[PDB]
$ cat protein_38.cif   # mmCIF, C-alpha atoms and all ligand atoms
data_start
loop_
_atom_site.label_atom_id
_atom_site.label_comp_id
_atom_site.auth_asym_id
_atom_site.auth_seq_id
_atom_site.Cartn_x
_atom_site.Cartn_y
_atom_site.Cartn_z
CA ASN A 701 77.12 111.32 79.42
CA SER A 702 79.23 108.94 77.35
CA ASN A 703 77.65 105.49 76.67
CA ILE A 704 80.92 103.56 77.06
CA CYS A 705 83.29 103.18 80.07
CA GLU A 706 86.14 105.70 79.94
CA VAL A 707 88.74 103.08 80.94
CA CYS A 708 87.86 99.89 78.95
CA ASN A 709 85.71 101.46 76.20
CA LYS A 710 82.89 98.89 76.63
CA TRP A 711 79.19 99.40 77.39
CA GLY A 712 77.57 97.70 80.37
CA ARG A 713 76.46 98.77 83.87
CA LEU A 714 77.84 102.34 83.81
CA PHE A 715 77.98 105.02 86.56
CA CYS A 716 77.91 108.54 85.24
CA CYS A 717 79.95 111.51 86.41
CA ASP A 718 77.82 114.49 87.55
CA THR A 719 80.44 117.09 86.68
CA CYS A 720 81.72 115.78 83.36
CA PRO A 721 80.37 113.52 80.62
CA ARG A 722 82.52 110.45 81.49
CA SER A 723 81.17 107.15 82.55
CA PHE A 724 82.57 104.08 84.31
CA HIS A 725 82.15 100.52 85.20
CA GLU A 726 82.12 100.10 88.96
CA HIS A 727 85.59 98.45 89.23
CA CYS A 728 87.12 100.20 86.24
CA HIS A 729 87.01 103.51 88.20
CA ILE A 730 89.73 103.84 90.87
CA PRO A 731 88.74 103.99 93.63
CA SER A 732 85.67 101.66 92.82
CA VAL A 733 82.60 103.83 92.22
CA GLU A 734 81.27 104.93 95.60
CA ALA A 735 77.91 103.41 96.86
CA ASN A 736 75.78 106.50 97.49
CA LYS A 737 76.98 110.15 96.92
CA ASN A 738 74.66 112.34 94.81
CA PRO A 739 76.18 114.18 93.11
CA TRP A 740 79.24 112.04 92.25
CA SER A 741 82.40 113.39 90.76
CA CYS A 742 84.87 111.00 88.98
CA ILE A 743 88.62 110.94 89.54
CA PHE A 744 89.29 113.12 86.51
CA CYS A 745 87.07 115.85 88.07
CA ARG A 746 88.64 115.42 91.53
CA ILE A 747 92.16 115.83 90.09
CA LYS A 748 91.06 118.91 88.11
CA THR A 749 89.73 120.43 91.39
CA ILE A 750 93.10 119.98 93.16
CA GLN A 751 94.77 121.85 90.30
CA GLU A 752 92.18 124.69 90.35
CA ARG A 753 92.39 125.08 94.13
CA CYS A 754 96.23 125.38 93.92
CA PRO A 755 97.33 126.64 90.48
CA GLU A 756 100.97 126.68 91.69
CA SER A 757 100.72 122.86 91.98
CA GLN A 758 101.36 122.80 88.21
CA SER A 759 104.75 124.47 88.44
CA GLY A 760 107.64 122.11 87.77
CA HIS A 761 108.86 119.65 90.37
CA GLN A 762 111.89 117.41 90.83
CA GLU A 763 111.12 113.68 90.71
CA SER A 764 113.20 113.10 93.82
CA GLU A 765 111.00 115.44 95.87
CA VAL A 766 107.77 113.92 94.49
CA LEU A 767 108.90 110.38 95.36
CA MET A 768 109.56 111.25 99.03
CA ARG A 769 106.10 112.71 99.56
CA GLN A 770 103.98 110.99 102.11
CA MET A 771 100.79 109.39 100.83
CA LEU A 772 98.41 111.98 102.25
CA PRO A 773 94.93 112.13 100.61
CA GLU A 774 95.93 114.25 97.59
CA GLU A 775 98.98 112.07 96.78
CA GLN A 776 96.86 108.92 97.29
CA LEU A 777 94.43 110.35 94.72
CA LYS A 778 97.14 111.25 92.27
CA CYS A 779 98.55 107.66 92.40
CA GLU A 780 95.04 106.23 91.93
CA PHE A 781 94.57 108.41 88.84
CA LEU A 782 97.99 107.48 87.46
CA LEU A 783 97.15 103.76 87.90
CA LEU A 784 93.84 104.42 86.14
CA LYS A 785 95.56 106.08 83.20
CA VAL A 786 97.61 102.92 82.70
CA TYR A 787 94.49 100.73 82.75
CA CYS A 788 93.00 103.05 80.11
CA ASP A 789 95.50 101.64 77.60
CA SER A 790 94.31 98.33 76.16
CA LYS A 791 97.91 96.95 76.35
CA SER A 792 97.49 97.00 80.15
CA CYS A 793 95.75 93.59 79.83
CA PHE A 794 99.17 91.99 79.64
CA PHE A 795 100.21 93.36 83.05
CA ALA A 796 96.91 93.27 84.97
CA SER A 797 96.81 89.82 86.45
CA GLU A 798 99.40 87.63 88.16
CA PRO A 799 102.02 86.43 85.64
CA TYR A 800 103.83 83.09 85.46
CA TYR A 801 107.19 82.32 84.02
CA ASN A 802 108.16 79.22 82.07
CA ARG A 803 110.24 80.03 79.01
CA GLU A 804 113.30 78.18 77.80
CA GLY A 805 116.41 80.24 78.51
CA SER A 806 114.80 82.62 81.05
CA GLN A 807 114.26 82.61 84.76
CA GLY A 808 111.25 84.39 86.32
CA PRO A 809 111.76 87.59 88.38
CA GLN A 810 112.62 87.51 92.03
CA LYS A 811 109.76 89.90 92.79
CA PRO A 812 106.78 89.49 90.50
CA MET A 813 104.42 92.47 90.21
CA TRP A 814 101.20 93.29 88.42
CA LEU A 815 98.58 96.08 88.11
CA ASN A 816 95.85 94.36 90.16
CA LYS A 817 98.35 93.84 93.01
CA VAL A 818 99.20 97.58 92.93
CA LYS A 819 95.50 98.31 92.81
CA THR A 820 94.87 96.24 96.02
CA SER A 821 97.94 97.75 97.68
CA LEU A 822 96.59 101.27 97.07
CA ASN A 823 93.14 100.26 98.27
CA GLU A 824 94.57 98.78 101.47
CA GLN A 825 96.75 101.94 102.11
CA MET A 826 99.97 99.88 101.99
CA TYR A 827 102.12 102.62 100.46
CA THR A 828 103.41 105.29 102.86
CA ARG A 829 105.18 107.39 100.22
CA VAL A 830 104.74 108.01 96.51
CA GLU A 831 108.08 106.19 96.00
CA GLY A 832 106.50 102.84 97.07
CA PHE A 833 103.84 103.07 94.39
CA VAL A 834 106.21 104.27 91.65
CA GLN A 835 108.76 101.52 92.46
CA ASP A 836 106.13 98.74 92.11
CA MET A 837 104.82 100.29 88.85
CA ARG A 838 108.27 100.51 87.31
CA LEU A 839 109.09 96.95 88.51
CA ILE A 840 106.19 95.60 86.41
CA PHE A 841 107.87 96.77 83.22
CA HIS A 842 111.44 96.05 84.28
CA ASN A 843 110.53 92.40 85.16
CA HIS A 844 108.93 92.04 81.72
CA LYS A 845 111.92 93.49 79.83
CA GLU A 846 114.31 91.19 81.61
CA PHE A 847 112.23 88.00 81.19
CA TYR A 848 111.41 88.40 77.49
CA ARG A 849 115.04 89.24 76.57
CA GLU A 850 115.19 89.53 72.77
CA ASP A 851 111.68 88.34 71.99
CA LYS A 852 109.83 91.16 70.29
CA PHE A 853 107.16 90.84 73.05
CA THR A 854 109.53 92.91 75.18
CA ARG A 855 108.18 95.92 73.33
CA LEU A 856 104.87 95.69 75.13
CA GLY A 857 106.69 96.58 78.39
CA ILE A 858 108.35 99.56 76.72
CA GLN A 859 105.04 100.73 75.35
CA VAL A 860 103.07 100.54 78.60
CA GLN A 861 105.99 102.00 80.61
CA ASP A 862 105.97 104.99 78.29
CA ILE A 863 102.22 105.53 79.08
CA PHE A 864 103.04 105.27 82.77
CA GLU A 865 105.96 107.70 82.61
CA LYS A 866 104.20 110.39 80.49
CA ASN A 867 101.24 110.30 82.84
CA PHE A 868 103.55 110.42 85.93
CA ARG A 869 105.24 113.57 84.53
CA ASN A 870 101.84 115.18 83.84
CA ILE A 871 99.98 114.29 87.02
CA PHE A 872 102.79 115.19 89.36
CA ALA A 873 103.93 118.21 87.27
CA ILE A 874 107.49 117.07 86.86
CA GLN A 875 109.78 119.84 85.49
CA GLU A 876 110.15 119.54 81.76
CA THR A 877 113.66 118.73 80.46
CA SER A 878 115.49 117.71 77.20
ZN ZN B 901 85.16 99.57 82.08
ZN ZN B 902 84.03 113.65 85.93
ZN ZN B 903 97.03 127.72 96.51
#
$ encode --input "protein_38.cif" --output "structure tokens" --more "lines below"
Ligand SMILES: [Zn+2]
Ligand SMILES: [Zn+2]
Ligand SMILES: [Zn+2]
Amino acid sequence: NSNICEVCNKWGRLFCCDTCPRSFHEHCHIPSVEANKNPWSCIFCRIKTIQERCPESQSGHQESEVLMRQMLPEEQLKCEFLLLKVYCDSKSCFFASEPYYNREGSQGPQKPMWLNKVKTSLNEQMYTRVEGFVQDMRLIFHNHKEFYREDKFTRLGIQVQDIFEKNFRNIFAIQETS
């Protein structure tokens, strides 16, 4: 197995996947690495299994249909993995914890949002459809773009949103377009 966490790229107390060479910190994995379970398969392996069980699941989909799906177990897993892929980018640090807003010439957002809040919301089964999760994710970046206005720091929101959106298109097999 790898000797660094797949998500944060640090050593420490690592849990190893039995079906692939990835490793994880307990709370870096989503869901948090399960207490017992031997063998244990990580989220990357669990997603790969879904695909192998239903090869047609990789055919193209419309975003509108994906968003209206109910959060049954497979969709719950896919949103967990998508959240995880965002945390895998080091620029996620900026969006992880609860933000505060005090900048001359800007007003904070009406509905603040952050990764750890989405993480808790998924854990507590608060989203009933994929749309709920995707709306909160996109709101993170939209709030940032609006608040930072012309400061070059706005680019961090663009960058992390692009990671989100590429991974959304991949994980949910969104039909490719120009
Ligand atoms: Zn980690
Ligand atoms: Zn694995
Ligand atoms: Zn099938």
$ atom_distance --input "protein_38.cif" --atom1 "atom CA of residue A:765" --atom2 "atom CA of residue A:878"
19.3 Å
$ atom_distance --input "protein_38.cif" --atom1 "atom CA of residue A:749" --atom2 "atom CA of residue A:729"
17.4 Å
$ atom_distance --input "protein_38.cif" --atom1 "atom CA of residue A:731" --atom2 "atom CA of residue A:870"
19.8 Å
$ residues_near_ligand --input "protein_38.cif" --ligand "ligand ZN 903 (chain B)" --cutoff "12 Å" --atoms "only C-alpha atoms and all ligand atoms" --output "list in words"
residues 749, 750, 751, 752, 753, 754, 755, 756, 757, 758 and 759 of chain A
$ residues_near_ligand --input "protein_38.cif" --ligand "ligand ZN 902 (chain B)" --cutoff "6 Å" --atoms "only C-alpha atoms and all ligand atoms" --output "list in words"
residues 717, 719, 720, 722, 741, 742, 744 and 745 of chain A
$ closest_atom_pairs --input "protein_38.cif" --of "chain A" --to "ligand ZN 901 (chain B)" --cutoff "9 Å" --atoms "all atoms listed in the file" --output "CSV"
residue,atom,partner,partner_atom,distance
A:704,CA,B:ZN901,ZN,7.7
A:705,CA,B:ZN901,ZN,4.5
A:706,CA,B:ZN901,ZN,6.6
A:707,CA,B:ZN901,ZN,5.1
A:708,CA,B:ZN901,ZN,4.1
A:709,CA,B:ZN901,ZN,6.2
A:710,CA,B:ZN901,ZN,5.9
A:711,CA,B:ZN901,ZN,7.6
A:712,CA,B:ZN901,ZN,8.0
A:713,CA,B:ZN901,ZN,8.9
A:714,CA,B:ZN901,ZN,8.0
A:723,CA,B:ZN901,ZN,8.6
A:724,CA,B:ZN901,ZN,5.7
A:725,CA,B:ZN901,ZN,4.4
A:726,CA,B:ZN901,ZN,7.5
A:727,CA,B:ZN901,ZN,7.2
A:728,CA,B:ZN901,ZN,4.6
A:729,CA,B:ZN901,ZN,7.5
A:788,CA,B:ZN901,ZN,8.8
$ closest_residue --input "protein_38.cif" --among "A:792, A:807, A:738, A:825" --to "residue A:837" --atoms "only C-alpha atoms"
A:792
$ closest_residue --input "protein_38.cif" --among "A:740, A:773, A:866, A:851" --to "residue A:803" --atoms "all atoms listed in the file"
A:851
$ decode --input "protein_38.cif" --residues "stretch 759-789 of chain A" --atoms "N, CA, C and O atoms" --output "PDB file, in the first residue's frame"
ATOM      1  N   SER A 759     -22.782   5.138 -19.811  1.00  0.00           N
ATOM      2  CA  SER A 759     -23.331   5.835 -20.954  1.00  0.00           C
ATOM      3  C   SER A 759     -23.743   7.237 -20.532  1.00  0.00           C
ATOM      4  O   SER A 759     -24.082   7.455 -19.330  1.00  0.00           O
ATOM      5  N   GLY A 760     -23.762   8.152 -21.502  1.00  0.00           N
ATOM      6  CA  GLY A 760     -24.041   9.559 -21.173  1.00  0.00           C
ATOM      7  C   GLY A 760     -25.407   9.836 -20.583  1.00  0.00           C
ATOM      8  O   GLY A 760     -26.419   9.167 -20.960  1.00  0.00           O
ATOM      9  N   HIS A 761     -25.447  10.779 -19.607  1.00  0.00           N
ATOM     10  CA  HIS A 761     -26.644  11.239 -18.995  1.00  0.00           C
ATOM     11  C   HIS A 761     -26.841  12.747 -19.130  1.00  0.00           C
ATOM     12  O   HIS A 761     -25.913  13.505 -19.327  1.00  0.00           O
ATOM     13  N   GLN A 762     -28.100  13.196 -19.000  1.00  0.00           N
ATOM     14  CA  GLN A 762     -28.390  14.602 -18.905  1.00  0.00           C
ATOM     15  C   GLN A 762     -28.259  15.042 -17.441  1.00  0.00           C
ATOM     16  O   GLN A 762     -28.735  14.365 -16.553  1.00  0.00           O
ATOM     17  N   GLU A 763     -27.626  16.166 -17.245  1.00  0.00           N
ATOM     18  CA  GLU A 763     -27.515  16.733 -15.865  1.00  0.00           C
ATOM     19  C   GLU A 763     -28.829  16.875 -15.162  1.00  0.00           C
ATOM     20  O   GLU A 763     -28.973  16.546 -13.986  1.00  0.00           O
ATOM     21  N   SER A 764     -29.863  17.315 -15.902  1.00  0.00           N
ATOM     22  CA  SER A 764     -31.175  17.499 -15.292  1.00  0.00           C
ATOM     23  C   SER A 764     -31.747  16.229 -14.713  1.00  0.00           C
ATOM     24  O   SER A 764     -32.314  16.285 -13.602  1.00  0.00           O
ATOM     25  N   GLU A 765     -31.535  15.072 -15.369  1.00  0.00           N
ATOM     26  CA  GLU A 765     -32.002  13.806 -14.859  1.00  0.00           C
ATOM     27  C   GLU A 765     -31.194  13.377 -13.641  1.00  0.00           C
ATOM     28  O   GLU A 765     -31.746  12.919 -12.666  1.00  0.00           O
ATOM     29  N   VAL A 766     -29.884  13.601 -13.694  1.00  0.00           N
ATOM     30  CA  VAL A 766     -29.003  13.220 -12.555  1.00  0.00           C
ATOM     31  C   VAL A 766     -29.402  14.002 -11.305  1.00  0.00           C
ATOM     32  O   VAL A 766     -29.483  13.413 -10.253  1.00  0.00           O
ATOM     33  N   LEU A 767     -29.696  15.293 -11.454  1.00  0.00           N
ATOM     34  CA  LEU A 767     -29.976  16.128 -10.299  1.00  0.00           C
ATOM     35  C   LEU A 767     -31.246  15.704  -9.567  1.00  0.00           C
ATOM     36  O   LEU A 767     -31.368  15.801  -8.350  1.00  0.00           O
ATOM     37  N   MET A 768     -32.277  15.274 -10.329  1.00  0.00           N
ATOM     38  CA  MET A 768     -33.524  14.790  -9.725  1.00  0.00           C
ATOM     39  C   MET A 768     -33.481  13.402  -9.137  1.00  0.00           C
ATOM     40  O   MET A 768     -34.456  13.017  -8.433  1.00  0.00           O
ATOM     41  N   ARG A 769     -32.364  12.668  -9.247  1.00  0.00           N
ATOM     42  CA  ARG A 769     -32.304  11.376  -8.602  1.00  0.00           C
ATOM     43  C   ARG A 769     -32.384  11.467  -7.107  1.00  0.00           C
ATOM     44  O   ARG A 769     -31.650  12.251  -6.506  1.00  0.00           O
ATOM     45  N   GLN A 770     -33.194  10.589  -6.510  1.00  0.00           N
ATOM     46  CA  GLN A 770     -33.198  10.405  -5.109  1.00  0.00           C
ATOM     47  C   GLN A 770     -31.874   9.863  -4.569  1.00  0.00           C
ATOM     48  O   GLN A 770     -31.203   9.038  -5.221  1.00  0.00           O
ATOM     49  N   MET A 771     -31.529  10.294  -3.369  1.00  0.00           N
ATOM     50  CA  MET A 771     -30.294   9.864  -2.733  1.00  0.00           C
ATOM     51  C   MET A 771     -30.360   8.441  -2.160  1.00  0.00           C
ATOM     52  O   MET A 771     -30.214   8.224  -0.959  1.00  0.00           O
ATOM     53  N   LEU A 772     -30.603   7.444  -3.051  1.00  0.00           N
ATOM     54  CA  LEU A 772     -30.506   6.071  -2.641  1.00  0.00           C
ATOM     55  C   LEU A 772     -29.021   5.753  -2.390  1.00  0.00           C
ATOM     56  O   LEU A 772     -28.142   6.573  -2.780  1.00  0.00           O
ATOM     57  N   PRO A 773     -28.717   4.554  -1.837  1.00  0.00           N
ATOM     58  CA  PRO A 773     -27.325   4.245  -1.504  1.00  0.00           C
ATOM     59  C   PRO A 773     -26.251   4.491  -2.577  1.00  0.00           C
ATOM     60  O   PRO A 773     -25.172   4.998  -2.227  1.00  0.00           O
ATOM     61  N   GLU A 774     -26.487   4.102  -3.817  1.00  0.00           N
ATOM     62  CA  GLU A 774     -25.490   4.363  -4.860  1.00  0.00           C
ATOM     63  C   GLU A 774     -25.269   5.861  -5.135  1.00  0.00           C
ATOM     64  O   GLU A 774     -24.101   6.271  -5.337  1.00  0.00           O
ATOM     65  N   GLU A 775     -26.339   6.664  -5.141  1.00  0.00           N
ATOM     66  CA  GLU A 775     -26.185   8.106  -5.356  1.00  0.00           C
ATOM     67  C   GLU A 775     -25.524   8.773  -4.138  1.00  0.00           C
ATOM     68  O   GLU A 775     -24.698   9.677  -4.305  1.00  0.00           O
ATOM     69  N   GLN A 776     -25.851   8.313  -2.954  1.00  0.00           N
ATOM     70  CA  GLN A 776     -25.193   8.768  -1.710  1.00  0.00           C
ATOM     71  C   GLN A 776     -23.686   8.540  -1.860  1.00  0.00           C
ATOM     72  O   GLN A 776     -22.868   9.450  -1.557  1.00  0.00           O
ATOM     73  N   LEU A 777     -23.296   7.317  -2.252  1.00  0.00           N
ATOM     74  CA  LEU A 777     -21.888   7.017  -2.462  1.00  0.00           C
ATOM     75  C   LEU A 777     -21.208   7.876  -3.484  1.00  0.00           C
ATOM     76  O   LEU A 777     -20.024   8.321  -3.277  1.00  0.00           O
ATOM     77  N   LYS A 778     -21.893   8.127  -4.610  1.00  0.00           N
ATOM     78  CA  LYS A 778     -21.314   8.916  -5.665  1.00  0.00           C
ATOM     79  C   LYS A 778     -21.081  10.373  -5.189  1.00  0.00           C
ATOM     80  O   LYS A 778     -20.048  10.979  -5.539  1.00  0.00           O
ATOM     81  N   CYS A 779     -22.007  10.892  -4.381  1.00  0.00           N
ATOM     82  CA  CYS A 779     -21.810  12.285  -3.841  1.00  0.00           C
ATOM     83  C   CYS A 779     -20.684  12.294  -2.829  1.00  0.00           C
ATOM     84  O   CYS A 779     -19.861  13.226  -2.848  1.00  0.00           O
ATOM     85  N   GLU A 780     -20.595  11.269  -1.981  1.00  0.00           N
ATOM     86  CA  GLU A 780     -19.441  11.160  -1.066  1.00  0.00           C
ATOM     87  C   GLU A 780     -18.108  11.163  -1.791  1.00  0.00           C
ATOM     88  O   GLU A 780     -17.147  11.848  -1.394  1.00  0.00           O
ATOM     89  N   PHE A 781     -18.001  10.392  -2.911  1.00  0.00           N
ATOM     90  CA  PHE A 781     -16.791  10.316  -3.671  1.00  0.00           C
ATOM     91  C   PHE A 781     -16.459  11.654  -4.326  1.00  0.00           C
ATOM     92  O   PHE A 781     -15.307  12.081  -4.379  1.00  0.00           O
ATOM     93  N   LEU A 782     -17.484  12.313  -4.878  1.00  0.00           N
ATOM     94  CA  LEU A 782     -17.315  13.603  -5.506  1.00  0.00           C
ATOM     95  C   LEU A 782     -16.788  14.647  -4.476  1.00  0.00           C
ATOM     96  O   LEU A 782     -15.839  15.402  -4.775  1.00  0.00           O
ATOM     97  N   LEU A 783     -17.397  14.651  -3.292  1.00  0.00           N
ATOM     98  CA  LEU A 783     -16.880  15.506  -2.196  1.00  0.00           C
ATOM     99  C   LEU A 783     -15.423  15.198  -1.882  1.00  0.00           C
ATOM    100  O   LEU A 783     -14.540  16.113  -1.778  1.00  0.00           O
ATOM    101  N   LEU A 784     -15.106  13.907  -1.783  1.00  0.00           N
ATOM    102  CA  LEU A 784     -13.732  13.468  -1.573  1.00  0.00           C
ATOM    103  C   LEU A 784     -12.751  13.924  -2.624  1.00  0.00           C
ATOM    104  O   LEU A 784     -11.646  14.434  -2.296  1.00  0.00           O
ATOM    105  N   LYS A 785     -13.142  13.915  -3.896  1.00  0.00           N
ATOM    106  CA  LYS A 785     -12.292  14.359  -4.966  1.00  0.00           C
ATOM    107  C   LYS A 785     -11.981  15.836  -4.855  1.00  0.00           C
ATOM    108  O   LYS A 785     -10.883  16.247  -5.204  1.00  0.00           O
ATOM    109  N   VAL A 786     -12.927  16.617  -4.322  1.00  0.00           N
ATOM    110  CA  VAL A 786     -12.629  18.038  -4.073  1.00  0.00           C
ATOM    111  C   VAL A 786     -11.619  18.221  -2.947  1.00  0.00           C
ATOM    112  O   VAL A 786     -10.676  19.016  -3.064  1.00  0.00           O
ATOM    113  N   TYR A 787     -11.828  17.505  -1.855  1.00  0.00           N
ATOM    114  CA  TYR A 787     -10.828  17.528  -0.750  1.00  0.00           C
ATOM    115  C   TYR A 787      -9.448  17.083  -1.192  1.00  0.00           C
ATOM    116  O   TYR A 787      -8.438  17.500  -0.573  1.00  0.00           O
ATOM    117  N   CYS A 788      -9.342  16.233  -2.191  1.00  0.00           N
ATOM    118  CA  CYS A 788      -8.045  15.789  -2.689  1.00  0.00           C
ATOM    119  C   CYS A 788      -7.198  16.912  -3.267  1.00  0.00           C
ATOM    120  O   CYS A 788      -5.983  16.744  -3.401  1.00  0.00           O
ATOM    121  N   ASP A 789      -7.817  17.995  -3.677  1.00  0.00           N
ATOM    122  CA  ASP A 789      -7.077  19.175  -4.153  1.00  0.00           C
ATOM    123  C   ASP A 789      -6.635  20.025  -3.006  1.00  0.00           C
ATOM    124  O   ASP A 789      -7.433  20.375  -2.156  1.00  0.00           O
TER     125      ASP A 789
END
